[PDB]
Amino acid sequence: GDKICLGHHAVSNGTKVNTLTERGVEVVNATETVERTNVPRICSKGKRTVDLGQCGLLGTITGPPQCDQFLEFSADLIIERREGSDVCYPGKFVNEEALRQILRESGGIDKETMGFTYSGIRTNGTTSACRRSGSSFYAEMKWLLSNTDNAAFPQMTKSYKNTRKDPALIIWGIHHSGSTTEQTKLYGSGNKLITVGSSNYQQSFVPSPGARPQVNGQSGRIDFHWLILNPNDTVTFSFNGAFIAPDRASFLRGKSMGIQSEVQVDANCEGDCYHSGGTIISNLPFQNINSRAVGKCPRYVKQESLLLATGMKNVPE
């Protein structure tokens, strides 16, 4: 008698996958679902990239010499480096990380004058710690000094209204002198007090002059503070010394992504997911490369591999 037989295909060496029900069941063809391949570069093709180099992101606001090329940049993608420094004259930013986070997503910054002018004080205090050609200072700030050494610094009030349509970023510094003598030399004697107010902000500051070790040959410190001024609100500063005034306000330009990286930039590859050691370029839904990747990333998972069957149960002889 005659016969006809139907049947399915098979290959000699298939791949093991996992099921609800069994482990390492061989199938005909299977495909990988977890990204394991890194590109050891920052793939920036088609993106306005600013690599901050020796400039610290926070420096772009206040303007130490090493940030001179970055006072007014534009970017879709901002790259911080480990050598980056925010500061010439020793000091710190209060609430630095929140500020970095704002700046990373800013699209870059556009600077506008605060329109302050000053009577019967100095405006041009400098230091050998910010070297441009001889002593200088933060480019966006003014070190306000008594008219002569020891002189009384007047009670001052300066105010600024955000007339633009977007929120403004406002910085100022408090100077902590290396000695009490130095304070009174710069600003005259007596208690100093700085206040800063708006409709959503209210704080006051007293310098603490006195001895710190020398850092960059300075015993004083400057502490920067900041705030966002909403359209149509006004900042008011009041102060009788020890106050580092802003000369320019900063406006955020648009939208961007900020990353910290240790690797070269590459304008030839296209990527949207970044970490310190490169770019994750992939279509897969998951990745096991770096749990701290940012951008538009496959989700990070523990497992090194998860294979998705694309074939049937594979049966040989």
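Residue positions are given as counts along the sequence shown, with the first one as 1.
Participant: Read off the CA B-factors in the entry, average them over 57-65 and over 25-33, and name the higher stretch.
Facilitator: Mean B over CA atoms: larger for 25-33.
Participant: For the C-alpha atoms alone, is the average B factor greater in 224-232 or in 128-136, going by the entry?
Facilitator: Result of the comparison: 128-136.
Participant: Checking the entry, which one of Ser177, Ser74, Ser238, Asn191 has the top C-alpha B factor?
Facilitator: That would be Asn191, according to the entry.
Participant: Comparing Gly120 with the other modelled residues of its chain, is its CA B-factor in the lowest, middle or highest third?
Facilitator: Ranked within chain, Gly120 CA B lands in the highest tercile.
Participant: If you rank every modelled residue in this chain by C-alpha B factor, which third holds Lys161: lowest, middle or highest?
Facilitator: Answer is middle: the recorded C-alpha B-factor places it there.
Participant: Ranking the modelled residues of this chain by C-alpha B-factor as given in the entry, is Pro154 in the lowest, middle or highest third?
Facilitator: It falls in the middle third of the chain.
Participant: Ordered by C-alpha B-factor within the chain, which third holds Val215? Give me lowest, middle or highest, please.
Facilitator: Highest third.
Participant: By the record's CA B-factor, is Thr195 among the lowest, middle or highest third of residues in the chain?
Facilitator: It falls in the bottom third of the chain.
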